[PDB]
Amino acid sequence: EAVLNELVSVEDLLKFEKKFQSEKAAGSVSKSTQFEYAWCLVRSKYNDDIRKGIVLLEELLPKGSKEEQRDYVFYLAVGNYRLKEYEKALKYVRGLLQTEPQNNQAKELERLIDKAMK
Amino acid sequence: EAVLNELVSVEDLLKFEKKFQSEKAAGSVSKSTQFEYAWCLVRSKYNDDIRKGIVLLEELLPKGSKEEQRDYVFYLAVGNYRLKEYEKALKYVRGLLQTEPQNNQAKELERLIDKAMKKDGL
Ligand SMILES: [Zn+2]
Ligand SMILES: [Zn+2]
Ligand SMILES: [Zn+2]
Ligand SMILES: [Zn+2]
Ligand SMILES: [Zn+2]
Ligand SMILES: [Zn+2]
Ligand SMILES: [Zn+2]
Ligand SMILES: [Zn+2]
Ligand SMILES: [Zn+2]
């Protein structure tokens, strides 16, 4: 239920933030640590987490491989979709559908963005 | 959020499945990859995925360090809670509370398990 979703999310966000702030103090944030931190931020209920999570994914975009960039663009569309930036979230998932046309998860996300605009 | 949570779950579950199957074909499966896959499995909508995630966590339990074992025990309690293995979920969350008495997440999880048992008539 909602209480269980809150418990697991708090456990993950508390661990990933502590791991992110520790590597940031050491001047060496790995891409996995920054991605998992932004992954929890874009799934948060509050906008100042979603905005922060989108910023972290934008920084990882010019530093990841083509397979890693697809996972970043997917959650950039998810993050902007939850910030009601529907037009920007569409160009992210459409550009993702150009390289993976048969991605059922990305194709279904386009439906949510389209139904939100309509 | 219902359709959106389904999308994020399948996207992560498919990504870590391929990374798990690739390392499995290589012979060696790292603890980080096996944990991340099991972490998504115990959070899936379907029960068969949750059971597979519990098995992967049971294999990592005797291997990991004391800090890694706390995360294994925490999600072993979450997985068994969703499968309504209540007494099994209690022994895990009570074991984590033995080493961390001030863990509000495990303390609230123990109350959640207790509520679900009374709602189910046990
Ligand atoms: Zn936070
Ligand atoms: Zn707020
Ligand atoms: Zn906040
Ligand atoms: Zn806030
Ligand atoms: Zn927050
Ligand atoms: Zn498959
Ligand atoms: Zn992860
Ligand atoms: Zn702990
Ligand atoms: Zn107790």
# chains A, B, ... in the order shown; residues from 1 in each chain; ligands from 1
call {"tool": "residues_near_ligand", "arguments": {"ligand": "ligand 9", "cutoff": "9 Å", "atoms": "only C-alpha atoms and all ligand atoms", "output": "ChimeraX atom specification"}}
result
/B:90,93-94,97,107,110-111
call {"tool": "residues_near_ligand", "arguments": {"ligand": "ligand 7", "cutoff": "9 Å", "atoms": "only C-alpha atoms and all ligand atoms", "output": "number ranges by chain"}}
result
A: 12, 32-33, 35-36, 39; B: 12, 32-33, 35-37, 39-40
call {"tool": "residues_near_ligand", "arguments": {"ligand": "ligand 4", "cutoff": "12 Å", "atoms": "only C-alpha atoms and all ligand atoms", "output": "list in words"}}
result
residues 41, 44, 45, 46, 47, 48, 49, 50, 51 and 52 of chain A
call {"tool": "write_last_selection", "arguments": {"atoms": "N, CA, C and O atoms", "output": "PDB file, in the first residue's frame"}}
result
ATOM      1  N   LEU A  41      14.779  10.802  -6.850  1.00  0.00           N
ATOM      2  CA  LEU A  41      14.289  12.177  -6.848  1.00  0.00           C
ATOM      3  C   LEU A  41      13.149  12.366  -7.843  1.00  0.00           C
ATOM      4  O   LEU A  41      12.174  13.067  -7.548  1.00  0.00           O
ATOM      5  N   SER A  44       9.754  11.231  -6.516  1.00  0.00           N
ATOM      6  CA  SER A  44       9.255  11.856  -5.303  1.00  0.00           C
ATOM      7  C   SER A  44       7.961  12.618  -5.577  1.00  0.00           C
ATOM      8  O   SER A  44       7.628  12.949  -6.718  1.00  0.00           O
ATOM      9  N   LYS A  45       7.230  12.901  -4.498  1.00  0.00           N
ATOM     10  CA  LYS A  45       5.960  13.608  -4.604  1.00  0.00           C
ATOM     11  C   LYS A  45       6.131  15.117  -4.716  1.00  0.00           C
ATOM     12  O   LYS A  45       5.186  15.805  -5.116  1.00  0.00           O
ATOM     13  N   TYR A  46       7.302  15.644  -4.377  1.00  0.00           N
ATOM     14  CA  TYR A  46       7.517  17.080  -4.271  1.00  0.00           C
ATOM     15  C   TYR A  46       8.386  17.570  -5.420  1.00  0.00           C
ATOM     16  O   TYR A  46       9.316  16.880  -5.850  1.00  0.00           O
ATOM     17  N   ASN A  47       8.075  18.774  -5.911  1.00  0.00           N
ATOM     18  CA  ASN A  47       8.665  19.249  -7.158  1.00  0.00           C
ATOM     19  C   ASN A  47      10.147  19.572  -7.016  1.00  0.00           C
ATOM     20  O   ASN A  47      10.911  19.375  -7.968  1.00  0.00           O
ATOM     21  N   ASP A  48      10.578  20.072  -5.856  1.00  0.00           N
ATOM     22  CA  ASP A  48      11.987  20.415  -5.699  1.00  0.00           C
ATOM     23  C   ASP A  48      12.889  19.188  -5.676  1.00  0.00           C
ATOM     24  O   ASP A  48      14.106  19.334  -5.833  1.00  0.00           O
ATOM     25  N   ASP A  49      12.329  17.991  -5.482  1.00  0.00           N
ATOM     26  CA  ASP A  49      13.092  16.770  -5.716  1.00  0.00           C
ATOM     27  C   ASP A  49      13.139  16.430  -7.200  1.00  0.00           C
ATOM     28  O   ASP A  49      14.197  16.064  -7.722  1.00  0.00           O
ATOM     29  N   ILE A  50      11.998  16.543  -7.886  1.00  0.00           N
ATOM     30  CA  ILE A  50      11.936  16.209  -9.306  1.00  0.00           C
ATOM     31  C   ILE A  50      12.833  17.138 -10.114  1.00  0.00           C
ATOM     32  O   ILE A  50      13.548  16.697 -11.022  1.00  0.00           O
ATOM     33  N   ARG A  51      12.812  18.436  -9.799  1.00  0.00           N
ATOM     34  CA  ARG A  51      13.689  19.377 -10.490  1.00  0.00           C
ATOM     35  C   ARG A  51      15.155  19.038 -10.251  1.00  0.00           C
ATOM     36  O   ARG A  51      15.972  19.096 -11.177  1.00  0.00           O
ATOM     37  N   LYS A  52      15.506  18.680  -9.014  1.00  0.00           N
ATOM     38  CA  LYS A  52      16.886  18.307  -8.720  1.00  0.00           C
ATOM     39  C   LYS A  52      17.269  17.011  -9.424  1.00  0.00           C
ATOM     40  O   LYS A  52      18.397  16.871  -9.909  1.00  0.00           O
TER      41      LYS A  52
END
call {"tool": "interface_residues", "arguments": {"of": "chain A", "to": "chain B", "cutoff": "10 Å", "atoms": "only C-alpha atoms", "output": "JSON, numbers by chain"}}
result
{"A": [1, 3, 4, 5, 6, 7, 8, 9, 10, 11, 12, 39, 43, 71, 74, 75, 78, 81, 82, 103, 104, 105, 106, 107, 108, 109, 112]}
call {"tool": "residues_around", "arguments": {"residues": "residue 86 (chain B)", "least_positions_apart": "5", "cutoff": "9 Å", "atoms": "only C-alpha atoms", "output": "list in words"}}
result
residues 77, 80, 81, 91, 113, 114, 116 and 117 of chain B
call {"tool": "residues_around", "arguments": {"residues": "residue 64 (chain A)", "least_positions_apart": "4", "cutoff": "12 Å", "atoms": "only C-alpha atoms", "output": "PDB file with C-alpha atoms, in the first residue's frame"}}
result
ATOM      1  CA  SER A  30      30.234   7.773  -9.836  1.00  0.00           C
ATOM      2  CA  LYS A  31      27.548   7.602 -12.507  1.00  0.00           C
ATOM      3  CA  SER A  32      25.736   4.787 -10.686  1.00  0.00           C
ATOM      4  CA  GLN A  34      24.348   9.917  -9.257  1.00  0.00           C
ATOM      5  CA  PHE A  35      21.826   7.929 -11.313  1.00  0.00           C
ATOM      6  CA  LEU A  57      20.204  13.332 -15.244  1.00  0.00           C
ATOM      7  CA  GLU A  58      21.095  16.238 -17.545  1.00  0.00           C
ATOM      8  CA  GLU A  59      24.666  16.233 -16.216  1.00  0.00           C
ATOM      9  CA  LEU A  60      25.026  12.478 -16.796  1.00  0.00           C
ATOM     10  CA  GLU A  68      23.210   4.539 -20.685  1.00  0.00           C
ATOM     11  CA  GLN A  69      21.873   7.615 -22.496  1.00  0.00           C
ATOM     12  CA  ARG A  70      18.677   5.743 -23.395  1.00  0.00           C
ATOM     13  CA  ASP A  71      18.062   5.009 -19.711  1.00  0.00           C
ATOM     14  CA  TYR A  72      18.782   8.658 -18.884  1.00  0.00           C
ATOM     15  CA  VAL A  73      16.444  10.004 -21.583  1.00  0.00           C
TER      16      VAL A  73
END
call {"tool": "decode", "arguments": {"residues": "chain A", "atoms": "C-alpha atoms", "output": "PDB file, in the first residue's frame"}}
result
ATOM      1  CA  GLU A   1       0.000   0.000   0.000  1.00  0.00           C
ATOM      2  CA  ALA A   2       0.968   3.657   0.359  1.00  0.00           C
ATOM      3  CA  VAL A   3       2.628   3.084   3.742  1.00  0.00           C
ATOM      4  CA  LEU A   4       4.843   0.347   2.293  1.00  0.00           C
ATOM      5  CA  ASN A   5       5.760   2.516  -0.701  1.00  0.00           C
ATOM      6  CA  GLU A   6       6.758   5.294   1.702  1.00  0.00           C
ATOM      7  CA  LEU A   7       8.913   2.996   3.851  1.00  0.00           C
ATOM      8  CA  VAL A   8      10.928   1.543   0.964  1.00  0.00           C
ATOM      9  CA  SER A   9      11.315   4.944  -0.709  1.00  0.00           C
ATOM     10  CA  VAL A  10      12.593   6.559   2.501  1.00  0.00           C
ATOM     11  CA  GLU A  11      15.077   3.710   2.979  1.00  0.00           C
ATOM     12  CA  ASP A  12      16.434   4.065  -0.563  1.00  0.00           C
ATOM     13  CA  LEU A  13      16.512   7.874  -0.637  1.00  0.00           C
ATOM     14  CA  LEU A  14      18.263   8.078   2.739  1.00  0.00           C
ATOM     15  CA  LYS A  15      20.920   5.618   1.547  1.00  0.00           C
ATOM     16  CA  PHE A  16      21.434   7.163  -1.900  1.00  0.00           C
ATOM     17  CA  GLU A  17      21.593  10.740  -0.594  1.00  0.00           C
ATOM     18  CA  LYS A  18      24.134   9.787   2.079  1.00  0.00           C
ATOM     19  CA  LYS A  19      26.147   7.976  -0.599  1.00  0.00           C
ATOM     20  CA  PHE A  20      25.855  10.923  -3.001  1.00  0.00           C
ATOM     21  CA  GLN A  21      26.888  13.535  -0.428  1.00  0.00           C
ATOM     22  CA  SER A  22      29.820  11.364   0.676  1.00  0.00           C
ATOM     23  CA  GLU A  23      31.204  10.957  -2.849  1.00  0.00           C
ATOM     24  CA  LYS A  24      30.541  14.636  -3.591  1.00  0.00           C
ATOM     25  CA  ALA A  25      32.644  15.618  -0.573  1.00  0.00           C
ATOM     26  CA  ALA A  26      35.426  13.382  -1.932  1.00  0.00           C
ATOM     27  CA  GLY A  27      35.150  15.007  -5.370  1.00  0.00           C
ATOM     28  CA  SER A  28      34.364  11.751  -7.181  1.00  0.00           C
ATOM     29  CA  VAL A  29      30.688  10.960  -7.836  1.00  0.00           C
ATOM     30  CA  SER A  30      30.234   7.773  -9.836  1.00  0.00           C
ATOM     31  CA  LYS A  31      27.548   7.602 -12.507  1.00  0.00           C
ATOM     32  CA  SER A  32      25.736   4.787 -10.686  1.00  0.00           C
ATOM     33  CA  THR A  33      25.566   6.794  -7.452  1.00  0.00           C
ATOM     34  CA  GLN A  34      24.348   9.917  -9.257  1.00  0.00           C
ATOM     35  CA  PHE A  35      21.826   7.929 -11.313  1.00  0.00           C
ATOM     36  CA  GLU A  36      20.321   6.112  -8.325  1.00  0.00           C
ATOM     37  CA  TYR A  37      20.076   9.422  -6.455  1.00  0.00           C
ATOM     38  CA  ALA A  38      18.256  11.058  -9.373  1.00  0.00           C
ATOM     39  CA  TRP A  39      16.140   7.914  -9.790  1.00  0.00           C
ATOM     40  CA  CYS A  40      14.626   8.416  -6.335  1.00  0.00           C
ATOM     41  CA  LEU A  41      14.289  12.177  -6.848  1.00  0.00           C
ATOM     42  CA  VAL A  42      12.200  11.904 -10.025  1.00  0.00           C
ATOM     43  CA  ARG A  43       9.868   9.471  -8.215  1.00  0.00           C
ATOM     44  CA  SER A  44       9.255  11.856  -5.303  1.00  0.00           C
ATOM     45  CA  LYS A  45       5.960  13.608  -4.604  1.00  0.00           C
ATOM     46  CA  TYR A  46       7.517  17.080  -4.271  1.00  0.00           C
ATOM     47  CA  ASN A  47       8.665  19.249  -7.158  1.00  0.00           C
ATOM     48  CA  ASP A  48      11.987  20.415  -5.699  1.00  0.00           C
ATOM     49  CA  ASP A  49      13.092  16.770  -5.716  1.00  0.00           C
ATOM     50  CA  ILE A  50      11.936  16.209  -9.306  1.00  0.00           C
ATOM     51  CA  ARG A  51      13.689  19.377 -10.490  1.00  0.00           C
ATOM     52  CA  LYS A  52      16.886  18.307  -8.720  1.00  0.00           C
ATOM     53  CA  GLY A  53      16.635  14.803 -10.177  1.00  0.00           C
ATOM     54  CA  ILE A  54      16.246  16.172 -13.703  1.00  0.00           C
ATOM     55  CA  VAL A  55      19.353  18.333 -13.235  1.00  0.00           C
ATOM     56  CA  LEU A  56      21.401  15.291 -12.204  1.00  0.00           C
ATOM     57  CA  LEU A  57      20.204  13.332 -15.244  1.00  0.00           C
ATOM     58  CA  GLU A  58      21.095  16.238 -17.545  1.00  0.00           C
ATOM     59  CA  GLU A  59      24.666  16.233 -16.216  1.00  0.00           C
ATOM     60  CA  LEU A  60      25.026  12.478 -16.796  1.00  0.00           C
ATOM     61  CA  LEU A  61      23.720  12.755 -20.371  1.00  0.00           C
ATOM     62  CA  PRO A  62      26.980  13.903 -22.070  1.00  0.00           C
ATOM     63  CA  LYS A  63      29.002  11.388 -20.010  1.00  0.00           C
ATOM     64  CA  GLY A  64      27.171   8.115 -20.678  1.00  0.00           C
ATOM     65  CA  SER A  65      27.294   5.493 -23.411  1.00  0.00           C
ATOM     66  CA  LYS A  66      24.506   5.090 -25.958  1.00  0.00           C
ATOM     67  CA  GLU A  67      22.842   2.415 -23.823  1.00  0.00           C
ATOM     68  CA  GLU A  68      23.210   4.539 -20.685  1.00  0.00           C
ATOM     69  CA  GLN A  69      21.873   7.615 -22.496  1.00  0.00           C
ATOM     70  CA  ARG A  70      18.677   5.743 -23.395  1.00  0.00           C
ATOM     71  CA  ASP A  71      18.062   5.009 -19.711  1.00  0.00           C
ATOM     72  CA  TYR A  72      18.782   8.658 -18.884  1.00  0.00           C
ATOM     73  CA  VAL A  73      16.444  10.004 -21.583  1.00  0.00           C
ATOM     74  CA  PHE A  74      13.711   7.608 -20.437  1.00  0.00           C
ATOM     75  CA  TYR A  75      13.740   9.085 -16.929  1.00  0.00           C
ATOM     76  CA  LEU A  76      14.165  12.606 -18.292  1.00  0.00           C
ATOM     77  CA  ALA A  77      10.807  12.022 -19.983  1.00  0.00           C
ATOM     78  CA  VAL A  78       9.423  10.548 -16.753  1.00  0.00           C
ATOM     79  CA  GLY A  79      10.708  13.494 -14.724  1.00  0.00           C
ATOM     80  CA  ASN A  80       9.336  16.134 -17.085  1.00  0.00           C
ATOM     81  CA  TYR A  81       6.030  14.252 -17.341  1.00  0.00           C
ATOM     82  CA  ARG A  82       5.602  14.498 -13.563  1.00  0.00           C
ATOM     83  CA  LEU A  83       6.474  18.216 -13.676  1.00  0.00           C
ATOM     84  CA  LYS A  84       3.615  18.659 -16.202  1.00  0.00           C
ATOM     85  CA  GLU A  85       6.141  19.574 -18.926  1.00  0.00           C
ATOM     86  CA  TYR A  86       4.250  17.457 -21.431  1.00  0.00           C
ATOM     87  CA  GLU A  87       5.689  18.923 -24.640  1.00  0.00           C
ATOM     88  CA  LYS A  88       9.270  18.466 -23.424  1.00  0.00           C
ATOM     89  CA  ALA A  89       8.584  14.944 -22.145  1.00  0.00           C
ATOM     90  CA  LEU A  90       7.224  13.972 -25.570  1.00  0.00           C
ATOM     91  CA  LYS A  91      10.384  14.902 -27.484  1.00  0.00           C
ATOM     92  CA  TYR A  92      12.416  12.824 -25.017  1.00  0.00           C
ATOM     93  CA  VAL A  93      10.372   9.651 -25.478  1.00  0.00           C
ATOM     94  CA  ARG A  94       9.925  10.208 -29.230  1.00  0.00           C
ATOM     95  CA  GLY A  95      13.680  10.530 -29.689  1.00  0.00           C
ATOM     96  CA  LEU A  96      13.962   7.339 -27.650  1.00  0.00           C
ATOM     97  CA  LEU A  97      11.423   5.610 -29.915  1.00  0.00           C
ATOM     98  CA  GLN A  98      13.553   6.487 -32.957  1.00  0.00           C
ATOM     99  CA  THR A  99      16.335   4.115 -31.869  1.00  0.00           C
ATOM    100  CA  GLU A 100      14.086   1.573 -30.071  1.00  0.00           C
ATOM    101  CA  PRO A 101      10.828   1.587 -32.070  1.00  0.00           C
ATOM    102  CA  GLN A 102       9.478  -1.577 -30.402  1.00  0.00           C
ATOM    103  CA  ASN A 103      10.046  -0.431 -26.797  1.00  0.00           C
ATOM    104  CA  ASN A 104       6.679  -1.221 -25.212  1.00  0.00           C
ATOM    105  CA  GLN A 105       7.565   0.743 -22.068  1.00  0.00           C
ATOM    106  CA  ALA A 106       8.509   3.879 -24.010  1.00  0.00           C
ATOM    107  CA  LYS A 107       5.534   3.427 -26.345  1.00  0.00           C
ATOM    108  CA  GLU A 108       3.160   3.210 -23.375  1.00  0.00           C
ATOM    109  CA  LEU A 109       4.748   6.309 -21.823  1.00  0.00           C
ATOM    110  CA  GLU A 110       3.977   8.252 -25.007  1.00  0.00           C
ATOM    111  CA  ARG A 111       0.326   7.284 -24.502  1.00  0.00           C
ATOM    112  CA  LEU A 112       0.332   8.792 -21.003  1.00  0.00           C
ATOM    113  CA  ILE A 113       1.853  12.052 -22.254  1.00  0.00           C
ATOM    114  CA  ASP A 114      -0.625  12.199 -25.144  1.00  0.00           C
ATOM    115  CA  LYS A 115      -3.628  11.505 -22.905  1.00  0.00           C
ATOM    116  CA  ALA A 116      -2.385  14.138 -20.446  1.00  0.00           C
ATOM    117  CA  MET A 117      -2.281  16.804 -23.164  1.00  0.00           C
ATOM    118  CA  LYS A 118      -5.736  15.827 -24.453  1.00  0.00           C
TER     119      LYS A 118
END
